[PDB]
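A.B. asks: PDB entry and its sequence, pasted below:
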Amino acid sequence: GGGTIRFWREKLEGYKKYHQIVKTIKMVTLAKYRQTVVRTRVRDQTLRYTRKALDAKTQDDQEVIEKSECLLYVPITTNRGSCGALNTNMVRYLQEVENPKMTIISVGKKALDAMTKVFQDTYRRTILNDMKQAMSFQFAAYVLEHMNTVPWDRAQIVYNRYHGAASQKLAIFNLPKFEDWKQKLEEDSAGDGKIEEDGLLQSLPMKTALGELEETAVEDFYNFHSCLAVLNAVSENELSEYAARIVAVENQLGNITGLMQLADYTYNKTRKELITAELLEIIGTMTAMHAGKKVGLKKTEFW
Amino acid sequence: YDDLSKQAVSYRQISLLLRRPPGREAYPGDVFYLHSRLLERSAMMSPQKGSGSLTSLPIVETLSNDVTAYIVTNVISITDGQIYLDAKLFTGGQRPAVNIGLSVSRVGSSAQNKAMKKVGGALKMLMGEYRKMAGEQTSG
Amino acid sequence: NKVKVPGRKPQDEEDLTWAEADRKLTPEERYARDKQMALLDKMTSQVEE
Amino acid sequence: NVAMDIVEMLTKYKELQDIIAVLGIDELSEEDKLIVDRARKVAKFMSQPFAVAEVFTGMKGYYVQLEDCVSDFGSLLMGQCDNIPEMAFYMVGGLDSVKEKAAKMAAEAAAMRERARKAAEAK
Amino acid sequence: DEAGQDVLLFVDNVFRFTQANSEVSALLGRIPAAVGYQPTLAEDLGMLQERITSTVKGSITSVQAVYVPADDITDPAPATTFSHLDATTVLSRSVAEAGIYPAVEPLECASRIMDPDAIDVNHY
Ligand SMILES: COCCOCCOCCOc1ccc(C(C)(C)CC(C)(C)C)cc1
């Protein structure tokens, strides 16, 4: 019985050390989250003309695949785990959307081991920002320079949108190709302004004034707004990571607690049972010695 | 019987004061027979014997919600069912604190009224679904 | 196409792991082997130079 | 051989349960979570209803034949049935019953979706 | 009885009361049943506690300290003491360091008369 109680004691100490370690992770992530939440007050304003430029009606997939030749899907994953279902849900969405003409350039280490085992050939590489220095416009420029290795016809930038501390949903930016964007710009600048989808904005004057703009400046307009889109995606996934890690750490601490209470109950149970066992042993050996005493008179002469 | 867990302590006093050979968890070893003599007397008698009845609702005190105690298993090994009340649900406002998963009636389906039998089948399906749908999400 | 999970069966991939070996010390061993290989390569260069 | 492979899979699943209960399934490699889903399907499949327990399981009892038991576990071992969900294996006998239960569950889930659509439209 | 009035009975740790009776039972030669507590734990404790009851002629309330050995509630001495208790005034150094005095932590405390069948409905 000594081995059992020693084992349970070692498991108790292991769970306690594991608990304080996870608590330390929680404190670090809390510091980073309290930094990054300052962005939440200030976001939701920079991409509005980008929307107006790049957004289109919801195009069904199966027509986009036949229309296109080499799509692109950029999943923005994390550098380290204990996040939750963000990475797994991104992978699930892509294996839901998997089609013969795709190519995946990701962002994060966790897109490196997972996707390559699900997507053998479509997955190409990834991009890694060691988050010592906050993301930048030139990080998104790096990502654009990586995406442009392909002659892609559409780029679906997947990311996690931080609706709240308990709400980190998925989100997509469907970026067109430059030549296709320019052709659609002309074809929609000619005709009158009529929205074809609720929630979408008319931008015919913008699609004329861009025609007033020279060619190199329009290419710069496209690249600049796509860069801002990528940057908003990276920032939102950073915040979503740091917000979902807290949830996926407090639940770990709850599980660790429960394991610790079970370990404590079993340790104390084994302790008491061992005490009773040693007691009954001693009383048994003593009782046997008492039983080995005769009741005979053993009479002898006293004179 | 409120409660058989204390009857066993009294018999443990009687035995250890007589220096009888103890057993698991300090009990002599005949405490199973002690409760079985009592619980087997509770029966539904045959029409040959009057078709009478003697129901028994014994009570037993667990420790930190541990059904793996000696007396608890000794009584579950005798009784025709189990009603497991949980301190967690009791402190959580649910009163009676019956845990349906850890509870069962091995025989009462034959006695249950049909009007109650149908409602019980429906609620059993509903709660078997509810126990899973509540845990599978884990606040996801 | 989904995944090449390892196993005991030939269509499955190699399972080079050993149940006897512990997983707790694995990261320390990985770091140690990486550092040792880097030092050995640097010694190769330093011996030639 | 099927039995030995099943036992090996469950052994690995027992070792992985120590991590699953603490961290979660998401922190496992893709191979490990596939092994987990498969061993969960195996364990759920091992349950079957009996005619004696009809009062409790609320299901008619099955008599799974020996020859049909090995082919089912082997198909579940070779990855021949991974699109089936996990709960389809719970309290059934034979892979044919598993596919019937999966059809029932898919039909019910769809029907719930169309019902929710009708309610939202009428709402 | 004679004066016809309520009484408080303050008891330093009942753990030591149980320990003394256990030592007596051991010296008398009686087999320790469990961890080392006397077989007559419940009887010897009830012979005291049952005297601590309300009466037509008066009442004896008793406030009793309890040392839990190794913070295990399942130990037989706490396990038997708790069965007789009706309320728990838990105290905490946390609230005391926060300036609160008396240092009661109401959430982890509890009572048995918290029922409208006993007290008025508004209090409950
Ligand atoms: C519904 O009415 C209930 C009335 O209960 C009155 C008796 O209260 C019993 C108190 O039970 C406990 C249980 C655990 C504990 C802990 C574990 C918190 C004590 C500790 C911290 C000293 C180890 C304290 C008291």
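C.D. replies: Nice, I can see it. Numbering: from 1, shown residues only, chains lettered A, B, ... in the order given.
A.B. asks: what packs against the lengthiest helix in chain E?
C.D. replies: In chain E, assigned by DSSP state H, the helix with the most residues is helix E:14-27. Counting contacts by 3 or more C-beta pairs under 8 Å, 6 or more residues apart in numbering or on different chains; DSSP states H and E, helix E:14-27 packs against helix E:41-49, helix E:76-84. C-betas here are computed from N, CA, C, even on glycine.
A.B. asks: quick one: closest of those to residue E:92.
C.D. replies: Among the helices and strands packed on helix E:14-27, helix E:76-84 comes nearest to residue E:92, with 18.5 Å by C-beta to C-beta.
A.B. asks: and the residue nearest the centre of chain B, how far from the ligand?
C.D. replies: Nearest to the centroid of the C-alpha atoms of chain B, with distances taken as C-alpha atoms, centre = their mean, sits residue B:82, at 3.2 Å. Separation of residue B:82 from the ligand (C-beta to the nearest ligand atom, to the nearest Å) stands at 22 Å.
A.B. asks: please state the backbone phi and psi of that residue?
C.D. replies: phi -170, psi 130 (degrees, to the nearest 10).
A.B. asks: residue contacts, it?
C.D. replies: B:76, B:102, B:103, B:104 (C-beta atoms under 8 Å, 6 or more residues apart in numbering or on different chains).
A.B. asks: ok, the third one touching residue B:84?
C.D. replies: Yes - using C-beta atoms under 8 Å, residue B:103 makes contact with residue B:84 at a distance of 4.8 Å.
A.B. asks: in a markdown table, list the helices and strands packed on helix E:14-27 along with distance to residue B:92.
C.D. replies: Formatted as a markdown table, these follow (distance: least, C-beta to C-beta, whole Å):
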| stretch | distance to residue B:92 |
| --- | --- |
| helix E:41-49 | 30 |
| helix E:76-84 | 20 |
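A.B. asks: adding distance to chain A, write the ones you listed out as TSV.
C.D. replies: Converted to TSV, the helices and strands packed on helix E:14-27 look like this (distance: least, C-beta to the nearest C-beta, whole Å):
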stretch	distance to chain A
helix E:41-49	14
helix E:76-84	9
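A.B. asks: give me the number of residues near residue 38?
C.D. replies: Answering for chain A, as no chain was given. By other C-beta atoms under 10 Å in any protein chain shown, the residues close to residue A:38 number 9.
A.B. asks: wrong one, I was asking about chain E
C.D. replies: Residue E:38 is flanked by 27 other residues according to other C-beta under 10 Å.
A.B. asks: I'd like to know how many residues surround residue 79.
C.D. replies: With no chain named, the answer covers chain A. Using other C-beta under 10 Å, residue A:79 has 15 neighbouring residues.
A.B. asks: wait, I meant chain B there
C.D. replies: Residues near residue B:79, counting by other C-beta under 10 Å: 17.
A.B. asks: which SSE is it in?
C.D. replies: Using DSSP states H and E, residue B:79 sits within no helix or strand.
A.B. asks: repeat for residue A:171
C.D. replies: Secondary structure (DSSP H and E) places residue A:171 in strand A:167-176.
A.B. asks: relative to the whole chain's centre, how far out is that strand?
C.D. replies: 14 Å (C-alpha atoms, centre = their mean, to the nearest Å).
A.B. asks: okay, the angle between the helix or strand that it is followed by and strand A:167-176?
C.D. replies: Using DSSP H and E, the helix or strand that follows strand A:167-176 in sequence is helix A:178-190. Relative orientation of helix A:178-190 and strand A:167-176, computed by axes from the mean of the first three to the mean of the last three C-alpha atoms, to 10 degrees: 80 degrees.
A.B. asks: which parts of helix A:178-190 are buried?
C.D. replies: Buried residues in helix A:178-190, defined by neighbour count with 16 or more other C-beta atoms under 10 Å in any protein chain shown: A:181, A:182, A:185, A:188, A:189.
A.B. asks: using a markdown table, please lay out the residues you listed together with distance to residue A:208.
C.D. replies: Listed next are the buried residues of helix A:178-190 as a markdown table, based on distance: C-beta to C-beta, whole Å:
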| residue | distance to residue A:208 |
| --- | --- |
| A:181 | 15 |
| A:182 | 13 |
| A:185 | 9 |
| A:188 | 10 |
| A:189 | 5 |
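A.B. asks: tell me the two of those residues that are most distant?
C.D. replies: So, the buried residues of helix A:178-190 by C-beta to C-beta: farthest apart are A:181 and A:189, at 12.1 Å.
A.B. asks: who touches both of those two?
C.D. replies: Counting by C-beta under 8 Å, 6+ apart, residue A:181 and residue A:189 have no shared contacts at all.
A.B. asks: residue D:39 and residue D:12 touch, don't they?
C.D. replies: Yes - counting by C-beta under 8 Å, residue D:12 is a contact partner of residue D:39 at 7.2 Å.
A.B. asks: what about these two, which has more around it?
C.D. replies: Ranked by neighbour count (other C-beta under 10 Å), residue D:39 and residue D:12 place residue D:39 first, with 21 against 18.
A.B. asks: which SSE is the more buried one in?
C.D. replies: Using DSSP H and E, residue D:39 sits in helix D:30-46.
A.B. asks: chain D contacts on the stretch 201-303 of chain A?
C.D. replies: Residues of the stretch 201-303 of chain A that fall close to chain D, judged by C-beta under 8 Å from any C-beta of the partner chain: A:248, A:251, A:252, A:255, A:256, A:259.
A.B. asks: what helix or strand is the spatially most central residue of chain C on?
C.D. replies: With the centre of chain C defined as its mean C-alpha position, the nearest residue by C-alpha atoms, centre = their mean is residue C:30, 6.8 Å away. Using DSSP H and E, residue C:30 sits in helix C:26-48.
A.B. asks: so what's residue B:107 closest to, chain neighbours aside?
C.D. replies: Spatially, and ignoring its direct neighbours in sequence, residue B:107 is nearest to residue B:80 (5.2 Å; C-beta to C-beta, 6 or more residues apart in numbering or on different chains).
A.B. asks: go ahead and confirm the one you found touches residue B:104.
C.D. replies: No - if you go by C-beta under 8 Å, residue B:80 and residue B:104 don't touch, sitting 9.6 Å apart.
A.B. asks: run through the residues that contact the residue in the stretch 101-250 of chain A that the ligand sits nearest to.
C.D. replies: Proximity to the ligand, evaluated over the stretch 101-250 of chain A using C-beta to the nearest ligand atom, is greatest for residue A:250 at 22.3 Å. Counting by C-beta under 8 Å, 6+ apart, residue A:250 touches residue A:26.
A.B. asks: still on that earlier bit, residues of the helix holding residue D:39 that come out buried?
C.D. replies: For helix D:30-46, by 16+ other C-beta under 10 Å, it's D:30-36, D:38-39, D:41-45.
A.B. asks: which of the residues you listed lies closest to chain E?
C.D. replies: residue D:43 (32.1 Å; C-beta to the nearest C-beta).
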